[PDB]
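Given next, in structure tokens, is a single chain: the form deposited in one PDB entry.
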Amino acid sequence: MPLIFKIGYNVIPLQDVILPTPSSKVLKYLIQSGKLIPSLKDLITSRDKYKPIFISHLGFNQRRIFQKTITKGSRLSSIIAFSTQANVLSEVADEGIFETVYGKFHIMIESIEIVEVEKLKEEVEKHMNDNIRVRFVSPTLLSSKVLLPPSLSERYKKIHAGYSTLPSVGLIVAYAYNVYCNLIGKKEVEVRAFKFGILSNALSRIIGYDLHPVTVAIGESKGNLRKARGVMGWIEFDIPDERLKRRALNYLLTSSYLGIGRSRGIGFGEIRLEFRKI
């Protein structure tokens, strides 16, 4: 029985500040420097695929700051979600005034939520008759080769397809499946994820969408800046196969906390999951 922690933070700059690229770095720094929740150091540092940690970009108002100095007064928001076997329980309430390279900040907890993944299955059943709407509230980076036939992996290693700015259902649920599997210690699921995604976009029906490509910024190292293309907007679909829908709902429910796609550890692929009765 593994758990997911979701902490909402208020982040206030104690001076006029210009935010780093990407914004998540600030809070990341605090965890890295062991200033808050030091027992996530490993998880922040891990280079492991689909690792269950998401640290968001800072949000202003109710929208993530899309990447410009920020005033001393401003009230920024952050969200961190993660799962670890480590005992982190005493540390999660960590807050206070902190000094970072980017400047001084007042970090105040707004919320703490603890989720048992087994209990998330209970939520699935109440949604088995709703349309599923996935909304990308931070730029989402979905690699197309996630639905490459795994036998062809060596063959097309040097091919850079990049990120689908036009996500299929199968790609979304295959990604969620990968993160979910890594979450519960299930290993070697390449084939299963592939078949799951292929069957999903063969059987799912897309009800509606409002999708647009987005150009996203990432840091600078030795001078080399980073940029990419991803997608934002939302998509609404249904799956007319029960088993497939139950699984997809499971993985997406986990994704509502941990994010979706590539580089969730620095704030990409933040989604909101919505449902609508028939």
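Definition used throughout: the rigid core is the maximal C-alpha set that superposes within 1.5 Å between two forms. The first residue of the sequence shown is number 1, and the count goes up from there.
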Quiz item: Unmodelled deposited residues between residue 220 and residue 221: none, 1 to 3, 4 to 9, or 10 or more?
Solution: 1 to 3
Quiz item: Does the deposited sequence hold unmodelled residues between residue 67 and residue 68, and if so, how many: none, 1 to 3, 4 to 9, or 10 or more?
Solution: 4 to 9
Practice problem: Check the entry's C-alpha temperature factors for 123 to 131 and 168 to 176, then say which stretch has the higher mean. | Solution: 123 to 131
Practice problem: Report the option among 232, 228, 253, 58 whose CA atom has the maximum B-factor in the deposited record. | Solution: 228
Quiz prompt | Maximum C-alpha temperature factor, selected from 81, 101, 146, 203 | solution = 101
Quiz item: Considering only modelled residues of the same chain, in which third does the CA B-factor of residue 27 rank: lowest, middle or highest?
Solution: middle
Quiz item: By its CA B factor, does residue 185 count among the lowest, middle or highest third of the modelled residues in the chain?
Solution: middle
Quiz item: According to the PDB entry, is the CA B factor of residue 63 in the bottom, middle or top third of its chain, that is, lowest, middle or highest?
Solution: highest
Quiz item: Split the chain's modelled residues into thirds by Cα B-factor; is residue 156 in the lowest, middle or highest one?
Solution: highest
Quiz item: Should residue 1 be placed in the lowest, middle or highest third of its chain by the C-alpha B factor in the entry?
Solution: highest
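One more form of this protein, deposited in another entry, exists but is not displayed; see below.
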Quiz prompt | Sole member of 181, 198, 124, 92 with a C-alpha shift of at least 2 Å between the shown form and the other one (core-superposed) | solution = 92
